[PDB]
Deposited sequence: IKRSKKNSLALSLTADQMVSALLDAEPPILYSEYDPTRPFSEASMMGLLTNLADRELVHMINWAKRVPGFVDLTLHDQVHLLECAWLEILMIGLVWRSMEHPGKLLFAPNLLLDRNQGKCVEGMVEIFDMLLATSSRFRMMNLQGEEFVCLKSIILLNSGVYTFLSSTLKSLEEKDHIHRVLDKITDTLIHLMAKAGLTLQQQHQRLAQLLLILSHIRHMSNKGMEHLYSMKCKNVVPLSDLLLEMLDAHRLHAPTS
């Protein structure tokens, strides 16, 4: 890649997917079927925008079509959750699923096994608030998840290309921290802090992926045709 650090950020920020709305009605109270219908409907529409966001991620179109499917199948719920955590940053104690859908930790109890996932998503958003995560770093992390969560489950030149694109986003992250006025020791620490949250996002995705399979078998609310294909990829 030839995109400089300032051009790397601009491309990622320009590719930011929209913030979709939900058909939630504040007059209608919540239930497990009502809530799971809204979240899966929202996640299904955000998928089609992520698929087009992935194409704009620098270096992603250079990969083969089969590799592009693998990276998305494994990291899609990771990208959805980190985007959710990023939107709920300035809304403590709540998860901003949609501009008209603020959910509490107590509201998340209307679905079985959902309260434990709300806490981790809440704690992750509280973590971004402590670090005061910037949008320039958020678009870098979200593109890292896309190119990292599935590169191990793999051709050597394609993996070589991914490792070169990942090193570019790393230098881009360090460049942002340098211009932000952080010492050479603080840039390494913040970089490490930003990469360790990616371990928790993988965990939230796994339990979130594991939770989606329970609803499918319980058949509480039917799942989308696209959302079900992603679910069979993991289990």
Discussion item. So, counting the deposited sequence from position 1, which segments are absent from the coordinates?
Written reply: 1 to 10, 165 to 170, 252 to 257
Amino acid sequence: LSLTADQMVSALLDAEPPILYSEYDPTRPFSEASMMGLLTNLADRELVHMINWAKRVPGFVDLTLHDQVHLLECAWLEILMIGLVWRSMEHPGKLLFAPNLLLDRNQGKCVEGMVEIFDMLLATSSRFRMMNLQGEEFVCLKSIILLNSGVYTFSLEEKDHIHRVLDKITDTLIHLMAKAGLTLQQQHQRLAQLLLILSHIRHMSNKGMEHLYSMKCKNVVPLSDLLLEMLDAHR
From here on, numbers count along this sequence of modelled residues.
Worksheet entry | No coordinates for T153 in a third or more of the other PDB entries | yes
Worksheet item: Out of the other entries of this protein with residues modelled on both sides, is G37 skipped in at least a third?
Response: no
Practice prompt. Take the C-alpha B-factors listed in the entry for 44 to 52 and for 181 to 189, compute each mean, and give the stretch with the larger one.
Written response: 181 to 189
Fill in: 210 to 218 versus 14 to 22 - greater average Cα B-factor per the deposited record
210 to 218
Item to complete: Specify which of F97, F154, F138, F128 carries the largest Cα B factor in the deposited PDB entry.
Response: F154
Worksheet, complete the sentence: One of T172, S199, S205, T64 has the largest Cα B-factor in the entry, namely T64
Discussion item. Please say which third, lowest, middle or highest, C110 falls into when its CA temperature factor is compared across its chain.
Written reply: highest
Discussion item. Sorting by Cα B-factor within the chain, modelled residues only, which third would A33 end up in: lowest, middle or highest?
Written reply: highest
Response to the item:
In terms of its chain's C-alpha B-factors, the third that includes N132 is the middle
Worksheet item: Against its chain's modelled residues, does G83's Cα B factor rank lowest, middle or highest third?
Response: lowest
Worksheet item: With respect to C-alpha B-factor, does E90 fall in the lowest, middle or highest third of the chain as deposited?
Response: middle
